[PDB]
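Protein sequence lines correspond, in order, to chains B and A. Start counting the first sequence at 196; every next residue gets the next number (PDB author numbering). Start counting the second sequence at 487; every next residue gets the next number (PDB author numbering).
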Amino acid sequence: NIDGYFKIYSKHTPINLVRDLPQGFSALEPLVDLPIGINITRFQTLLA
Amino acid sequence: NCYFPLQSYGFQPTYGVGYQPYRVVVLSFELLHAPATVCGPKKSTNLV
Ligand SMILES: *[C@@H]1O[C@H](CO)[C@@H](O)[C@H](O)[C@H]1NC(C)=O
């Protein structure tokens, strides 16, 4: 959140690994940006 | 001296130009405390 602009950058990349966050290099492209204006201080995900 | 507060208007296409009904829009906006999420249209001209 930057002055009420809330921004997302992201990636899906394929891998093949058993355990840990893979070592390596890839960047996240910008996906979306929403002028939500609010004061996020904390957050939670959503499982299904 | 108890009175019900409302008084529904009476409409007749016969009425005087004043007692006739008139629709209103007030384009209200509250200004300049947050990120802008409206603008007027941005013109364009053909490419040389
Ligand atoms: C966001 O938080 C700051 C610090 O508390 C405050 O100045 C600002 O007015 C808040 N804005 C909103 C939309 O609550």
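C-beta: ideal position from N, C-alpha, C; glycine also.
Alpha-carbon spacing of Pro-499 (chain A) relative to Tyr-505 (chain A), whole angstroms: The residue you call residue 499 (chain A) lines up with position 13 of the second sequence. The residue you call residue 505 (chain A) lines up with position 19 of the second sequence. Whole-angstrom Cα-Cα distance: 10 Å.
CA-to-CA distance, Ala-222 (chain B) to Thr-236 (chain B), given in whole angstroms:
The sequence position of residue 236 (chain B) within the first sequence is 41, counting from 1. The sequence position of residue 222 (chain B) within the first sequence is 27, counting from 1. Each residue's Cα considered, the two are about 26 Å apart.
Between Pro-521 (chain A) and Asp-198 (chain B), how many whole angstroms is the CB-CB distance? I'm expecting something under 8 Å.
Along the second sequence, one-based indexing puts residue 521 (chain A) at 35. Along the first sequence, one-based indexing puts residue 198 (chain B) at 3. About 7 Å; that satisfies the 8 Å criterion.
* Does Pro-230 (chain B) get closer than 9 Å to chain A when you measure Cβ to Cβ? -> What you label residue 230 (chain B) is simply residue 35 of the first sequence in a count that begins at 1. Cβ-Cβ to chain A under 9 Å: yes for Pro-230 (chain B).
Exercise for the section: Would you please verify whether the beta carbon of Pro-507 (chain A) is less than 9 Å from any beta carbon of chain B? Expected result: Position 21 of the second sequence, counting from 1, holds the residue named residue 507 (chain A). It does not; no Cβ of chain B falls within 9 Å.
Following the continuous beta strand (DSSP E) through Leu-226 (chain B), name the residue where it begins and the one where it ends. Sequence index remark: in the first sequence, residue 226 (chain B) carries index 31 (1-based). 224–229 is the extent of the beta strand (DSSP E) around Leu-226 (chain B).
Q) Relative to ligand 1, is the shortest distance from any of its heavy atoms to the C-beta of residue 139 (chain B) smaller than 8 Å? A) What the structure shows of chain B is the stretch from 196 to 243, and residue 139 (chain B) is not part of that stretch, so it cannot be assessed.
- prompt: Quick one: Cα of residue 320 (chain B) to Cα of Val-512 (chain A), how far?
  reply: Since the first residue shown for chain B is 196 and the last is 243, residue 320 (chain B) is missing from the structure and cannot be characterised.
Let me check understanding here. Comparing Cα to Cα, which of B:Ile-203, B:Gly-219, B:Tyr-200 and B:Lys-202 lies closest to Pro-209 (chain B)? As a position in the first sequence, residue 209 (chain B) is number 14, starting the count at 1. Among B:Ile-203, B:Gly-219, B:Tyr-200 and B:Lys-202, the Cα nearest to that of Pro-209 (chain B) belongs to B:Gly-219.
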